[PDB]
file data-v5.csv (CSV, C-alpha atoms and all ligand atoms)
chain,number,residue,atom,x,y,z
A,6,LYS,CA,15.0,95.0,-22.8
A,7,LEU,CA,11.3,94.0,-23.2
A,8,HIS,CA,9.4,94.2,-26.6
A,9,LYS,CA,6.0,94.1,-28.1
A,10,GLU,CA,4.7,91.3,-30.1
A,11,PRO,CA,1.5,90.9,-32.2
A,12,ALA,CA,-1.5,89.1,-30.8
A,13,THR,CA,-5.1,88.6,-32.1
A,14,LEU,CA,-8.0,88.9,-29.6
A,15,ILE,CA,-10.0,85.6,-29.3
A,16,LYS,CA,-12.0,86.7,-26.3
A,17,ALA,CA,-11.9,88.8,-23.1
A,18,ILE,CA,-12.8,86.7,-20.1
A,19,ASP,CA,-12.6,89.3,-17.2
A,20,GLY,CA,-10.7,92.4,-16.2
A,21,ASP,CA,-7.3,90.8,-16.2
A,22,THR,CA,-7.7,87.5,-18.0
A,23,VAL,CA,-7.9,87.5,-21.8
A,24,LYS,CA,-7.7,84.7,-24.4
A,25,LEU,CA,-5.4,85.6,-27.3
A,26,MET,CA,-4.1,84.0,-30.5
A,27,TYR,CA,-0.4,84.4,-29.9
A,28,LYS,CA,2.1,83.1,-32.5
A,29,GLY,CA,-0.7,81.0,-34.2
A,30,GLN,CA,-1.9,79.4,-31.0
A,31,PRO,CA,-4.9,80.1,-28.7
A,32,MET,CA,-4.0,80.8,-25.1
A,33,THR,CA,-5.2,82.5,-21.9
A,34,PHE,CA,-3.1,85.4,-20.9
A,35,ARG,CA,-3.3,86.9,-17.4
A,36,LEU,CA,-2.3,90.5,-17.0
A,37,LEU,CA,0.8,91.0,-15.0
A,38,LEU,CA,0.7,92.8,-11.7
A,39,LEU,CA,-3.0,93.1,-11.3
A,40,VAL,CA,-5.8,91.8,-9.4
A,41,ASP,CA,-8.9,93.0,-11.2
A,42,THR,CA,-11.6,92.2,-8.9
A,43,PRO,CA,-13.2,89.1,-10.8
A,44,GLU,CA,-16.3,88.6,-12.8
A,45,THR,CA,-16.1,84.9,-11.8
A,46,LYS,CA,-13.8,84.6,-8.8
A,47,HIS,CA,-13.7,81.3,-7.0
A,48,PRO,CA,-14.0,82.3,-3.2
A,49,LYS,CA,-16.5,84.8,-4.5
A,50,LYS,CA,-18.1,82.2,-6.8
A,51,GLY,CA,-18.1,85.0,-9.3
A,52,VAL,CA,-18.9,88.6,-9.5
A,53,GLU,CA,-17.0,91.1,-7.4
A,54,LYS,CA,-17.8,94.8,-6.3
A,55,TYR,CA,-16.1,96.4,-9.4
A,56,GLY,CA,-15.2,93.0,-11.0
A,57,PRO,CA,-17.9,93.4,-13.7
A,58,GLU,CA,-17.0,97.0,-14.5
A,59,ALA,CA,-13.2,96.0,-14.7
A,60,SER,CA,-14.4,93.3,-17.1
A,61,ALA,CA,-16.5,95.7,-19.2
A,62,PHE,CA,-13.7,98.1,-19.4
A,63,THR,CA,-11.1,95.6,-20.6
A,64,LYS,CA,-13.7,94.0,-22.9
A,65,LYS,CA,-14.3,97.3,-24.7
A,66,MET,CA,-10.7,98.3,-24.7
A,67,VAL,CA,-9.6,95.1,-26.5
A,68,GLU,CA,-12.7,94.7,-28.6
A,69,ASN,CA,-12.4,98.1,-30.2
A,70,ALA,CA,-8.6,98.2,-30.5
A,71,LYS,CA,-7.1,98.6,-33.9
A,72,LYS,CA,-4.3,96.2,-32.8
A,73,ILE,CA,-3.2,94.3,-29.8
A,74,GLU,CA,0.4,93.6,-28.7
A,75,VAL,CA,1.8,91.5,-25.8
A,76,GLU,CA,4.9,92.4,-23.9
A,77,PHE,CA,6.4,89.6,-21.7
A,78,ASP,CA,8.6,90.6,-18.8
A,79,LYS,CA,12.1,89.2,-18.3
A,80,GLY,CA,11.2,86.2,-16.0
A,81,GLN,CA,8.9,83.3,-16.7
A,82,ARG,CA,6.4,83.7,-19.5
A,83,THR,CA,3.8,81.4,-18.0
A,84,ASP,CA,2.3,80.8,-14.6
A,85,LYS,CA,1.4,77.5,-12.9
A,86,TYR,CA,-2.0,77.4,-14.7
A,87,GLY,CA,-0.3,77.7,-18.0
A,88,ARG,CA,-1.6,81.3,-18.7
A,89,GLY,CA,0.8,83.6,-20.5
A,90,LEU,CA,2.0,86.5,-18.2
A,91,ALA,CA,2.2,89.7,-20.1
A,92,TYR,CA,1.6,93.5,-20.2
A,93,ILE,CA,-1.1,93.7,-23.0
A,94,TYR,CA,-1.4,96.9,-25.1
A,95,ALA,CA,-4.4,98.0,-27.1
A,96,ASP,CA,-3.5,100.7,-29.7
A,97,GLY,CA,-0.3,101.3,-27.8
A,98,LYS,CA,-2.0,101.9,-24.4
A,99,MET,CA,-1.2,99.4,-21.7
A,100,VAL,CA,-4.5,97.8,-20.6
A,101,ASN,CA,-2.8,96.9,-17.2
A,102,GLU,CA,-2.2,100.5,-16.3
A,103,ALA,CA,-5.5,101.9,-17.7
A,104,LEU,CA,-7.3,99.5,-15.4
A,105,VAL,CA,-5.2,100.6,-12.4
A,106,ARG,CA,-5.5,104.3,-13.3
A,107,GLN,CA,-9.3,104.0,-13.5
A,108,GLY,CA,-9.3,102.5,-10.0
A,109,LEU,CA,-10.8,99.3,-11.5
A,110,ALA,CA,-8.0,96.9,-10.4
A,111,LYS,CA,-5.3,96.9,-7.7
A,112,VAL,CA,-1.5,96.2,-8.1
A,113,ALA,CA,-0.9,92.7,-6.7
A,114,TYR,CA,1.2,89.4,-7.4
A,115,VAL,CA,4.5,91.2,-7.8
A,116,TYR,CA,7.1,88.5,-8.3
A,117,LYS,CA,10.5,89.7,-9.4
A,118,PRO,CA,12.0,89.4,-12.0
A,119,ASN,CA,8.5,90.0,-13.4
A,120,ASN,CA,8.1,93.6,-12.2
A,121,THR,CA,9.7,95.9,-14.7
A,122,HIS,CA,6.5,98.2,-14.8
A,123,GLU,CA,5.8,97.8,-11.1
A,124,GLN,CA,6.6,101.4,-10.2
A,125,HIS,CA,4.7,102.8,-13.2
A,126,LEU,CA,1.6,100.9,-12.0
A,127,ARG,CA,2.1,101.9,-8.3
A,128,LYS,CA,2.1,105.6,-9.5
A,129,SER,CA,-1.2,105.2,-11.5
A,130,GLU,CA,-2.6,103.4,-8.5
A,131,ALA,CA,-1.6,106.2,-6.1
A,132,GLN,CA,-3.3,108.7,-8.4
A,133,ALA,CA,-6.6,106.6,-8.6
A,134,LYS,CA,-6.5,106.6,-4.8
A,135,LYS,CA,-6.0,110.4,-4.6
A,136,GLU,CA,-8.9,111.0,-7.0
A,137,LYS,CA,-11.0,108.4,-5.1
A,138,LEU,CA,-12.0,106.4,-8.2
A,139,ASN,CA,-14.3,103.3,-8.1
A,140,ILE,CA,-12.8,100.8,-5.6
A,141,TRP,CA,-11.1,103.6,-3.8
A,142,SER,CA,-14.2,105.8,-3.3
B,201,LIG,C1,-0.7,87.5,-12.0
B,201,LIG,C2,-0.2,86.1,-11.4
B,201,LIG,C3,-1.0,85.2,-10.8
B,201,LIG,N1,-0.5,84.1,-10.3
B,201,LIG,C4,-1.3,83.1,-9.6
B,201,LIG,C5,-1.4,83.5,-8.1
B,201,LIG,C6,-2.7,82.9,-7.7
B,201,LIG,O1,-2.6,81.6,-7.4
B,201,LIG,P1,-3.7,80.8,-6.5
B,201,LIG,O2,-5.0,80.4,-7.4
B,201,LIG,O3,-3.0,79.6,-6.1
B,201,LIG,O4,-4.1,81.6,-5.3
B,201,LIG,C7,-3.6,83.0,-8.9
B,201,LIG,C8,-4.4,84.2,-8.9
B,201,LIG,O5,-4.9,84.4,-10.3
B,201,LIG,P2,-6.3,85.0,-10.6
B,201,LIG,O6,-6.4,86.3,-9.9
B,201,LIG,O7,-6.6,85.0,-12.1
B,201,LIG,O8,-7.5,84.1,-10.0
B,201,LIG,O9,-2.7,82.9,-10.0
B,201,LIG,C9,0.9,83.8,-10.4
B,201,LIG,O10,1.4,82.8,-10.0
B,201,LIG,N2,1.6,84.7,-11.0
B,201,LIG,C10,1.2,85.9,-11.6
B,201,LIG,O11,2.0,86.7,-12.1
B,202,CA,CA,-9.6,88.1,-12.7
call {"tool": "encode", "arguments": {"input": "data-v5.csv", "output": "structure tokens"}}
result
Amino acid sequence: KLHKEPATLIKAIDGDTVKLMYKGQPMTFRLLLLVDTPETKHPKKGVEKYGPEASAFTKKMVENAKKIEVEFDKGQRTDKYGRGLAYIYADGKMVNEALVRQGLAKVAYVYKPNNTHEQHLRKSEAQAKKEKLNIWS
């Protein structure tokens, strides 16, 4: 079973990459199962169509949260770049899914066993497509 753990915001970096104080140590966390478009991609040098709105949305959601919690999946907790891989919740709402529901990020990098909430995010993504939101307009 997965479970939520306390984390302190240190800084939001873009739509899907946030730096958090987790168990007393500063580290970059990357949101599982998403590809926010970037604010500072690498092919793209930077700023994507919808990458800066996905960044603003996560920035406000974590900045204004009363509390942040991280939820690791059941596979590896870290990727090759040493970023923590988690579902992040702000006030009990999953930032991963809110981005996807808004049509501000797409579901991507699905590596089992790290896909417990994959179907939940694919649903939210289907609805953002139906309603034609943002990247899907
Ligand atoms: C979300 C996620 C990304 N990644 C890797 C895939 C991509 O590697 P490559 O850089 O080699 O293409 C990169 C994309 O991350 P970003 O979207 O943050 O740039 O991070 C994982 O390995 N596992 C994951 O769960
Ligand atoms: Ca990104």
call {"tool": "atom_distance", "arguments": {"input": "data-v5.csv", "atom1": "CA of residue 58 in chain A", "atom2": "CA of residue 108 in chain A"}}
result
10.5 Å
call {"tool": "residues_near_ligand", "arguments": {"input": "data-v5.csv", "ligand": "ligand LIG 201 (chain B)", "cutoff": "9 Å", "atoms": "all atoms listed in the file", "output": "list in words"}}
result
residues 19, 21, 22, 35, 36, 37, 38, 39, 40, 41, 42, 43, 45, 46, 47, 81, 83, 84, 85, 86, 88, 90, 91, 113, 114, 115, 116 and 119 of chain A
call {"tool": "write_last_selection", "arguments": {"input": "data-v5.csv", "atoms": "C-alpha atoms", "output": "short mmCIF file (atom, residue, chain, number, x, y, z; two decimals), in the frame of the given file"}}
result
data_model
loop_
_atom_site.label_atom_id
_atom_site.label_comp_id
_atom_site.auth_asym_id
_atom_site.auth_seq_id
_atom_site.Cartn_x
_atom_site.Cartn_y
_atom_site.Cartn_z
CA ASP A 19 -12.60 89.30 -17.20
CA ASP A 21 -7.30 90.80 -16.20
CA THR A 22 -7.70 87.50 -18.00
CA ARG A 35 -3.30 86.90 -17.40
CA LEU A 36 -2.30 90.50 -17.00
CA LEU A 37 0.80 91.00 -15.00
CA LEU A 38 0.70 92.80 -11.70
CA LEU A 39 -3.00 93.10 -11.30
CA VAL A 40 -5.80 91.80 -9.40
CA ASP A 41 -8.90 93.00 -11.20
CA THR A 42 -11.60 92.20 -8.90
CA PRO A 43 -13.20 89.10 -10.80
CA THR A 45 -16.10 84.90 -11.80
CA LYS A 46 -13.80 84.60 -8.80
CA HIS A 47 -13.70 81.30 -7.00
CA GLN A 81 8.90 83.30 -16.70
CA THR A 83 3.80 81.40 -18.00
CA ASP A 84 2.30 80.80 -14.60
CA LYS A 85 1.40 77.50 -12.90
CA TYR A 86 -2.00 77.40 -14.70
CA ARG A 88 -1.60 81.30 -18.70
CA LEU A 90 2.00 86.50 -18.20
CA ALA A 91 2.20 89.70 -20.10
CA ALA A 113 -0.90 92.70 -6.70
CA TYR A 114 1.20 89.40 -7.40
CA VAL A 115 4.50 91.20 -7.80
CA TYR A 116 7.10 88.50 -8.30
CA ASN A 119 8.50 90.00 -13.40
#
call {"tool": "atom_distance", "arguments": {"input": "data-v5.csv", "atom1": "CA of residue 8 in chain A", "atom2": "CA of residue 56 in chain A"}}
result
29.2 Å
call {"tool": "atom_distance", "arguments": {"input": "data-v5.csv", "atom1": "CA of residue 137 in chain A", "atom2": "CA of residue 125 in chain A"}}
result
18.5 Å
call {"tool": "residues_around", "arguments": {"input": "data-v5.csv", "residues": "residue 67 in chain A", "least_positions_apart": "6", "cutoff": "8 Å", "atoms": "all atoms listed in the file", "output": "PyMOL selection string"}}
result
chain A and resi 14+17+73+95
call {"tool": "residues_around", "arguments": {"input": "data-v5.csv", "residues": "residue 121 in chain A", "least_positions_apart": "4", "cutoff": "9 Å", "atoms": "only C-alpha atoms", "output": "PyMOL selection string"}}
result
chain A and resi 7+78-79+117+125
call {"tool": "residues_around", "arguments": {"input": "data-v5.csv", "residues": "residue 23 in chain A", "least_positions_apart": "5", "cutoff": "6 Å", "atoms": "all atoms listed in the file", "output": "PyMOL selection string"}}
result
chain A and resi 17-18+33-34
